[PDB]
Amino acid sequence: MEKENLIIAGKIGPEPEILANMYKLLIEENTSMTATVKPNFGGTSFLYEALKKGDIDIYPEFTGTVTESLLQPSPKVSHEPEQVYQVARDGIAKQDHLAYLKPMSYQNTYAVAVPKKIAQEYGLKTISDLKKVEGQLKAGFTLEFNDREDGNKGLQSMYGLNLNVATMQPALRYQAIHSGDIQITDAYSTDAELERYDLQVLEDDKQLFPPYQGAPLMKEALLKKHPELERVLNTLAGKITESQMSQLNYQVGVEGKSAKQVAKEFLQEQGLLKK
């Protein structure tokens, strides 16, 4: 009886798809609940509004994204990842009555990336160095990174950078930078494409980017109906290194492995999942 089915969605990319499947695997093993993973469901605003509306039940959301996009007005937060989690978790519960579980260990930050030869040619080590060459290089940014105060709007406001920006589909920006039609893109720090395409991440010297740790986001009402979801999904808390998540992304995004299988093998190897 009562085999309730949860909708777990992810933002664009292998990582949310991997994360969502880990949520499904954990949920189905340890609760009387099934789960459906919705890969590549949308961007932050869509996932967030889908959650509040009940179209989805869980998705992995990132701490700095809670503080910077989701919370309005955005609070001025530190760079301590734990403090940023607490503001996110308390802020989003007050604002929208969403429960935000404990963050995973790794950080997946927005990272301004250039090909390694571009960085050598133009002497680019930090984001500030782009001011030197903002009239020579072409940037390709996701639409969301463009519109985000911690994205390109913050490249303008904090760095003074007025880059020549073309808004890209997320999956195209990496092929553009590789083939040469753009020279700057908004990478995600754990993206396998960084290592695969000789992309060098420019250092965030003015510290525009907040901490970004992922954790399940969910209505508080769902957590009251199923309190076991907190214990169950929190076995991921403080776990998964950038190196581990990067390898998982390689497997799904580069090797074409199934995200469920990659998540499953990993949770099993970590002892987080039977067999």
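Residue indices: 1-based, along the sequence shown.
The deposited model assigns a higher average Cα B-factor to 224 to 232 than to the other stretch when 224 to 232 and 61 to 69 are compared. Set 164 to 172 against 114 to 122 and average the Cα temperature factors; 114 to 122 ends up higher. Per the deposited record, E195 carries the highest C-alpha B-factor of all listed residues (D90, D186, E195, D150). When the C-alpha B-factors of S45, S243, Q213, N40 are ranked from the entry, the top spot goes to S243.
Per-chain ranking of the deposited C-alpha B factor places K131 in the highest third. Annotation for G154: C-alpha temperature factor in the middle third relative to the rest of the modelled chain, per the entry. In the deposited entry, the Cα temperature factor of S78 places it in the middle third of its chain's modelled residues. In the PDB entry, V84 places in the middle third of its chain by CA B-factor. Annotation for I8: CA B-factor lies in the lowest third of the chain's modelled residues.
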